[PDB]
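Structural overview for review
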2 protein chains.
Amino acid sequence: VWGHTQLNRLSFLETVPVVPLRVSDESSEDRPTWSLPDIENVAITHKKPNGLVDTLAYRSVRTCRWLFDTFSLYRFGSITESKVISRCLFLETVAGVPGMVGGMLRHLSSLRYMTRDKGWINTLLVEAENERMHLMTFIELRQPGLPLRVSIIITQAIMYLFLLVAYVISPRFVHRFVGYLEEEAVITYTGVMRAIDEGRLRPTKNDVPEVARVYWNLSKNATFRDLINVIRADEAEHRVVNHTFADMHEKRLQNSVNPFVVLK
Amino acid sequence: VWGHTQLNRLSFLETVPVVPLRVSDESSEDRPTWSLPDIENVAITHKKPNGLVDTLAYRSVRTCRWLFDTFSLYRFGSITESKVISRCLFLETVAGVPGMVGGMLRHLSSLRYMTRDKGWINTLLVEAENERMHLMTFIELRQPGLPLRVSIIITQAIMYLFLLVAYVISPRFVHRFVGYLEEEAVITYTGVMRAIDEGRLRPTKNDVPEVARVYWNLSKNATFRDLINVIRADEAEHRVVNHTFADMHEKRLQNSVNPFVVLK
Ligand SMILES: CC(C)=CCC/C(C)=C\Cc1c(O)c(Cl)c(C)c(C=O)c1O
Ligand SMILES: CC(C)=CCC/C(C)=C\Cc1c(O)c(Cl)c(C)c(C=O)c1O
Ligand SMILES: [Fe+3]
Ligand SMILES: [Fe+3]
Ligand SMILES: [Fe+3]
Ligand SMILES: [Fe+3]
Ligand SMILES: [O-]
Ligand SMILES: [O-]
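Residues numbered from 1 in each chain as written, not as in the entry; some residues may be left out. Chains lettered and ligands numbered in written order. Heavy atoms only, no water.

1. Topic: helix α5 (residues 98-113) of chain A
All names here are of chain A. Rule in force here: Segments assigned H or I by DSSP are reported as helices when at least four residues long, segments assigned E as strands when at least two residues long, and all are numbered from the N terminus. The span you would expect from a helix comes to 1.5 Å times its residue count less one. Note on classification: 1.4 Å probe, protein chains only; a residue is buried when its accessible area is under 20% of the maximum for its type, exposed when over 50%, partly exposed between these limits.
The first and last C-alpha atoms of α5 sit 22 Å apart over 16 residues, in line with the 22 Å expected at 1.5 Å per residue. Counting buried positions along α5 gives 13 out of 16 residues, so the element sits mostly inside the fold. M114 sits one or two residues past α5 and shows a positive phi near 55°.

2. So, the relation of the copies chain A and chain B
Rules: Placing the copies on one another, the fit minimises squared distances between their C-alpha atoms. By the convention used here, residues are in contact when the closest approach between their heavy atoms is within 4.5 Å.
Between the two copies, chain A and chain B, the superposition gives an RMSD of 0.0 Å; the rotation angle is 180° and the shift along the axis is 0.0 Å. Taken together, the turn and the small shift mark the pair as related by a two-fold rotation axis. Of the C-alpha atoms belonging to chain A, the one lying closest to the rotation axis is found on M104 of chain A, 3.8 Å away. A symmetric contact is evident, with 100% of the interface residues of chain A recurring at the interface of chain B.

3. Quick word on the coordination of the iron ion (ligand 4)
Residues and elements named next belong to chain A. What counts here: Each metal site lists N, O and S donors within 2.8 Å (3.2 Å for Na, K and Ca). With water left out of the atoms, a site can look as if it is missing ligands.
For the iron ion (ligand 4), the full set of protein donor atoms is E131 (OE), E182 (OE), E182 (OE) and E235 (OE), at a range of 2.0 to 2.2 Å. Each donor residue of the iron ion (ligand 4) belongs to the same chain, and together they define the spacing E-x50-E-x52-E. The iron ion (ligand 3) is placed at 3.3 Å from the iron ion (ligand 4), the two being bridged by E131. Here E182 lies in helix α8 (residues 171-197) and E131 lies in helix α6 (residues 120-141), a separation of 51 residues in the sequence.

4. Some details on the UniProt feature "transmembrane region" in chain A
All names here are of chain A. Heads up, the rule is: UniProt positions are given in the numbering used here, feature names are shortened, and annotations may be inferred rather than shown by experiment.
Feature annotation in UniProt places "transmembrane region" on residues 84-104 and 150-170, given in this structure's numbering. With 90% helix and 0% strand, residues 84-104 has its two end C-alpha atoms placed 31 Å apart. Spanning residues 150-170, this segment combines 95% helix with 0% strand, and its end C-alpha atoms are found 30 Å apart.

5. Let's talk about the site of ligand 2
Residues and elements named next belong to chain B. How we decide: Here a residue is considered near a molecule or strand provided that any single heavy atom belonging to it is located within 4 Å of it. For this analysis, a polar contact is any N or O atom pair within 3.5 Å, provided that within protein one partner can donate a hydrogen and the other can accept it, and provided that sequence-adjacent residues contribute only side-chain to side-chain pairs. Per-residue and other accessible areas follow the Shrake-Rupley method at a 1.4 Å probe size, with only the shown protein chains counted as cover for residues.
Taken together, the neighbourhood of ligand 2 is formed by 13 residues, with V61, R87, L91, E92 and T188 sitting nearest. In this structure, an oxygen atom belonging to ligand 2 sits 2.7 Å away from a side-chain N or O atom of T188. When isolated, ligand 2 has an accessible area of 530 Å², and the protein chains bury 94% of it. Residue assignment for the shell around ligand 2 shows that the elements contributing at least two residues are α3 (52-71), α4 (81-95) and α8 (171-197).

6. Looking at the coordination of the iron ion (ligand 5)
Residue and element names in this part refer to chain B. Operational definition: Every angle between 85 and 135 degrees makes a four-donor site tetrahedral, while opposite donors more than 155 degrees apart, with all other angles between 65 and 115, make a four-donor site square planar and a six-donor site octahedral; other sites are irregular.
Protein ligation of the iron ion (ligand 5) involves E92 (OE), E92 (OE), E131 (OE), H134 (ND1) and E235 (OE), the donor distances falling in the range 1.9 to 2.4 Å. Note that the iron ion (ligand 5) binds 6 donor atoms; their angles at the metal cover 60 to 164°, and the shape is irregular. All donors of the iron ion (ligand 5) belong to a single chain; written as a sequence motif, their spacing is E-x38-E-x2-H-x100-E. Between the two metal centres, the iron ion (ligand 5) and the iron ion (ligand 6), the spacing is 3.3 Å, with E131 acting as a shared donor. Of this pair, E92 sits in helix α4 while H134 sits in helix α6 (residues 120-141), placing them 42 residues apart in sequence. In terms of burial, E92 and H134 fall into one category: buried.

7. As for the site of ligand 1
Residues and elements named next belong to chain A. Formally: Each residue receives one of three labels: charged for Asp, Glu, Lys and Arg, nonpolar for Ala, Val, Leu, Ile, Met, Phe, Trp, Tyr, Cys and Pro, and polar for the others, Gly being one of them.
The immediate surroundings of ligand 1 are formed by 13 residues, with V61, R87, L91, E92 and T188 found nearest. In this structure, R87 approaches ligand 1 through a side-chain N or O atom, which is 2.7 Å from an oxygen atom. Take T188: an N or O atom from its side chain is 2.7 Å from an oxygen atom of ligand 1. Considering ligand 1 on its own, with 530 Å² of exposed area, one finds that the protein chains cover 94% of that surface. Elements with a contribution of two residues or more to the shell around ligand 1: α3 (52-71), α4 (81-95) and α8. Across the shell around ligand 1, the residue classes break down as 8 nonpolar, 1 polar and 4 charged.

This is the structure we're talking about:
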């Protein structure tokens, strides 16, 4: 019931106290739809860099991972649920920046040039949302201290600034950078799953949060392992989508149809 | 068919030449759904300013309209389809900025503070999209010259800069400003409809563009008058949504549930 009578009211501020906080409202209705036994065989891939921009994007991603794993100490001592959840918590904050700056920029460009966007913007905005829901999930499993909360704030200031100027200069670099980020994300999350299957990691967070159970349409029997599986699948999708988008830029197809709008 | 095999491919760049340019792909699948005879009675309203911020927002909107109508010469000589389409073309470029900066900012905040957004972001992003589709529609009816294209570019540079810093400082001001913008938009578009009904404006663009016919689920018998009706309805929705959001800020409910997620 949304008609002229509601459109003619000044404010619905009076209604806020009587509307429930439902977990399904945290996202849009564009939810991933994975089948566990299929996404089980998501694999680790690597796209060869074409030239200088692609090499720059990859060297910057690899430099970032080597810094990050060494400073965060992921490498030494055994894997644990605590360092896994902690790691992902941090990185998922950054993860939702690229698609939002990308979509914002293609949006602005569509408006100032009065051009069609042909399905790109929505794909990058939903990507951004997807990563944000990754974050919403992990913060149900672990609430960070002040040091990590302060680091997250300053890391956002830097990555937003970087991603914004980089996308204005070279959308190709950004899409490729993201592509390469998701290559590493798929590696990390398959390391998580492998350590679970090998008993090196005995996860205890096996009451998958409600936010995630409705977002990924997971049953109440889904476990931590299943949740990481669907997150990893999401990452692989971003991996392909972004390398594809970078390729299109490389070929001067940035004003062509988003091929994923149909492949749907 | 979207599974592990596709998630494991490096790029779908090879598929781009075989995917069709469909007008339904220009937006997301979150389309307005208006009934013409109901939205016919959308009306002109005015929200009373609360205090200094609200007065500032309204005085700035009214100052902008008085400047704009006088410089653009909307006022003198008769109304025509040419000046109507022209006007809307220009203003719809600005129109899609606010919701995108708003949604981008609530998104970033959700990520750095690891908080829930509770349905706000999606509402502002779809708003931004909606306005952009207003623009996509009007540019099917009229293609602008260079002077107006240069003015659109520089107007975006200024309004984006304004809206970005204003939203960081006072989301309340921005939401209220938008609320007041849409008050004027609803006035303008009801002036258009009234001039049509009174024969002062005999519109010739009565083959509603395909982009708009699928976006608003309009029949092939829909006319220019019907298209303005649905655009006006969209504006009225933004009018309420934004005044509501401003009110929530005014009451420190900015971290409460988006009431419109349910009112749906
Ligand atoms: C951007 C930055 C400061 C660090 C990224 C760390 C990196 C280059 C690779 C590992 C990695 C990860 O290990 C995980 Cl868990 C995720 C979710 C992502 C997401 O992009 C990811 O990139
Ligand atoms: C923001 C700016 C430079 C001008 C806005 C003009 C104004 C204050 C009022 C009239 C008006 C309009 O006349 C029309 Cl047609 C639209 C679509 C809008 C949308 O916001 C609108 O505000
Ligand atoms: Fe992620
Ligand atoms: Fe990711
Ligand atoms: Fe509009
Ligand atoms: Fe508007
Ligand atoms: O990620
Ligand atoms: O508008």
